[PDB]
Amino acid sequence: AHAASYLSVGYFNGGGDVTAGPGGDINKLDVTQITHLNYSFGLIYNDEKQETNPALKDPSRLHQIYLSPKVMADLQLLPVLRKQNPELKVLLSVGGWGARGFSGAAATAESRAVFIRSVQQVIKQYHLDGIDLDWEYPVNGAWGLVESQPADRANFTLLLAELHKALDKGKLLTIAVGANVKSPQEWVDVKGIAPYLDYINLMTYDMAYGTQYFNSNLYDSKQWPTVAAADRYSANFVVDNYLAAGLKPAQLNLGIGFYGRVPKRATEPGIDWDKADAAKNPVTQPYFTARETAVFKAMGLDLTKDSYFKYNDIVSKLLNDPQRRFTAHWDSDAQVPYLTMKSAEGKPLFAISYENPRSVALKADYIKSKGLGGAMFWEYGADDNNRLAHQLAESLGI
């Protein structure tokens, strides 16, 4: 008798991000194409000894949220964005890759209460519709990138319960969660936290690591297979792993990457840790030479440091490379595009996978058939004239 109604939740890197670099121009976003904007990022004042941002080390503000000058300035624009789209909801996302402070903020009644008061204060001062927590990651700490402890799982749940209690009726509380199968298994009590959250944003991307070629494939590739089992990921695999853990699909948004990654397999040996003497018997080897790495370096991507390539830069620099060095392809099983570059020997070398309008629309179709609540994407500043967001809006009937 009636139609479904899907979210499209766009993260926007306004303040700067560890992996994605300096913040974008908020004025370039077409906010009519999204249901929700997660302005990223608020950071957390913290006492982690390895924190290298001196502002966050201010002990008088421990456990509070820090908003940089750009963040403050960008948030002053919300009245203009809301006139542009009076349906739009705007949240602040706190955290992000490499962001410290969650483990300590979560750790005691007193720390949780300071954090929650700071969340309430920020919501009221900037008139936000809610808060998104992007803790990467409870328990695991992204393998030591931020502080962590096993009490993180239970503490997160408590933080979220207390936060849900404190938040005005009508305000949104959401989180982003990782792709890794240990996230729902071990790091985050997804069933326990489900009742406190309006929706959950699945980071179904950043898969182009270890022995895997694709960054955000929907299903596994067969033409370009991942070799080590522990690296074998797809957006669908991740979704299924969260579903097995007891979440209802309508509470989930499928995260979509408006970017690509050069897989680490191109430049670093791929280790299968289930093998005998794993570090000396890599199961994949690097297929880029100085010739391929120099091309990326010349484009401002230093592959010894980062593999991140914005969609708009994929378009302008790779697809539209004047020297025609990159050839576009479609992986039929993974349901995403990828590029190859020609080796000196004449062989296609897998350079990068990403998302284009076709693949975004296929992920939308998957959202509709799997019965997910919507899409989320990282991140709006990387779109090309708002085309991928527009696609999503069209495909989801936003």
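Don't overthink the numbering: it's just position in the shown sequence, from 1. We call the rigid core whatever largest set of C-alpha positions still superposes within 1.5 Å between the two forms.
Per-stretch RMS Cα distance to the displayed form in 4 other deposited structures of this protein, following rigid core alignment, is highest for 138-146 when 138-146 and 122-130 are compared. The question of which stretch, 106-114 or 307-315, has the higher mean Cα B factor is settled in favour of 106-114.
Taking the mean C-alpha B-factor of each stretch as recorded, 92-100 and 74-82 are not equal, and the higher mean is that of 74-82. Of the candidates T157, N253, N236, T289, the one whose C-alpha carries the top B factor in the deposited record is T289. When the C-alpha B-factors of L172, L163, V146, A229 are ranked from the entry, the top spot goes to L163.
Ranked against the other modelled residues of its chain, the C-alpha B-factor of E345 as given in the entry falls in the highest third. Ranked against the other modelled residues of its chain, the C-alpha B-factor of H127 as given in the entry falls in the lowest third. Placement of the Cα temperature factor of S68 within the chain: middle third of the modelled residues, per the deposited record. Among the modelled residues of its chain, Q285 has a C-alpha B-factor that falls in the highest third, as given in the PDB entry.
Sorting the modelled residues of the chain by their CA temperature factor places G381 in the lowest third.
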